[PDB]
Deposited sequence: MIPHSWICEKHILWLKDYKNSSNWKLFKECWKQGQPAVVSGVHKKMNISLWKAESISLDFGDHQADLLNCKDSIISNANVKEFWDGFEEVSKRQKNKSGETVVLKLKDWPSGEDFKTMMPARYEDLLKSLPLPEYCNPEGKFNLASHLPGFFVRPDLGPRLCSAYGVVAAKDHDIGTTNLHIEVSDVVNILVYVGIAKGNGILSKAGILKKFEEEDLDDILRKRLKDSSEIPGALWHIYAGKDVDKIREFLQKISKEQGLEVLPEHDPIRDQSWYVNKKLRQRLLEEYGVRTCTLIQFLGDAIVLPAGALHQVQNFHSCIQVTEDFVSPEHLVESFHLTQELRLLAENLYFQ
């Protein structure tokens, strides 16, 4: 047997054993319906020390990059060194402190070449390797001619503060967006921030518990060996048009001026907060799947799926693109629309 459960009223397959070599056989049956999957325990496969903030900060801290304020998506005056200093030290953050993100750094070929050991560890550790590994039999990514695949097909590193210190749970560390290709998202480090009156690890666990959760998720949360990092909301790709209309309607309501051809999904300008998700369900019938991503959880999303993320703790995520047959058509079309 293949240990598994379902989360979110059958939308998401939870594969419970990263070591089970037949995971793909069950995944295949759920993927073909456009269901996401999450594989827990991948950090146990990884060289987890390579992915700690202290290690990534030391190895790559001298390179300059833009830091984003997640509240308004305005590039910050902070440098990479100031970003990493504030990763777990709230007092070293600039002011109410800001939620910073170091996005896609490094990414694509630079990831493979500048972090070769981490890239090697990633390849070794990718779950569902039949799909997710470049040499997997169902992965078309390295076989397709160039124009079928996005130009930025690569691994990505994403590091960001949690929103808890700012006490602003209207902030997304990743705004609502659509996935142009199949993708696996792995939480490889969770950092507990300290200072300036921030909620503690335990106060933050209670914050997670106050969310509307599936019973299966509440159980994981009681488990002291699991470290919850980030709150995810995931939407079925079939709901993309309704969500876009909902956001355009909210935009008009708040008097938020827009261009005529205004596409809030493409803009990636929204974090759909609790009150808004409730209105989205009531007014358009669109259901939210809620996931808490724990350290070592790999979330696997098909092309066309939408999601947003809200780090509670400081988090480092590594994502990897792949191209399954199942969603190639959708992926190609979304890829072309990206022009």
property	result
Deposited positions without coordinates, collected into consecutive stretches in sequence order	96 to 99, 344 to 352
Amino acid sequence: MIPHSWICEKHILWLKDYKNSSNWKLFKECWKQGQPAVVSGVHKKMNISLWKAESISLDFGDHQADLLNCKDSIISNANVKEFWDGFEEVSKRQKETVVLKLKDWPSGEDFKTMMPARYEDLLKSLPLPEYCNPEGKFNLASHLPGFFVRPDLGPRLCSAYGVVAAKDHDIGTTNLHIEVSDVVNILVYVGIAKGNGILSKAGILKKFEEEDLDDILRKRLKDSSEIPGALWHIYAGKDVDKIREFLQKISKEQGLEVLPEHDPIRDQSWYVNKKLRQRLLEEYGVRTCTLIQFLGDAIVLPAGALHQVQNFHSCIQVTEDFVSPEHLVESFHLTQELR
From here on, numbers count along this sequence of modelled residues.
item	value
Mean C-alpha B-factor comparison - 326 to 334 and 13 to 21, higher one	326 to 334
Between the two ranges 193 to 201 and 156 to 164, the one averaging a larger CA B factor in the entry	193 to 201
Largest Cα B-factor, entry values, listed residues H177, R244, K112, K252	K252
Residue of maximum C-alpha B factor among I234, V240, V98, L187, per deposited coordinates	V98
Lowest, middle or highest third - CA B-factor, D263	middle
Assigned third (lowest, middle, highest) for the C-alpha B factor of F60	highest
Chain third (lowest, middle, highest) by recorded CA B-factor, residue given as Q248	middle
Position of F138 among the chain's modelled residues by C-alpha B-factor, lowest, middle or highest third	highest
CA B-factor ranking of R279, expressed as a third of its chain	middle
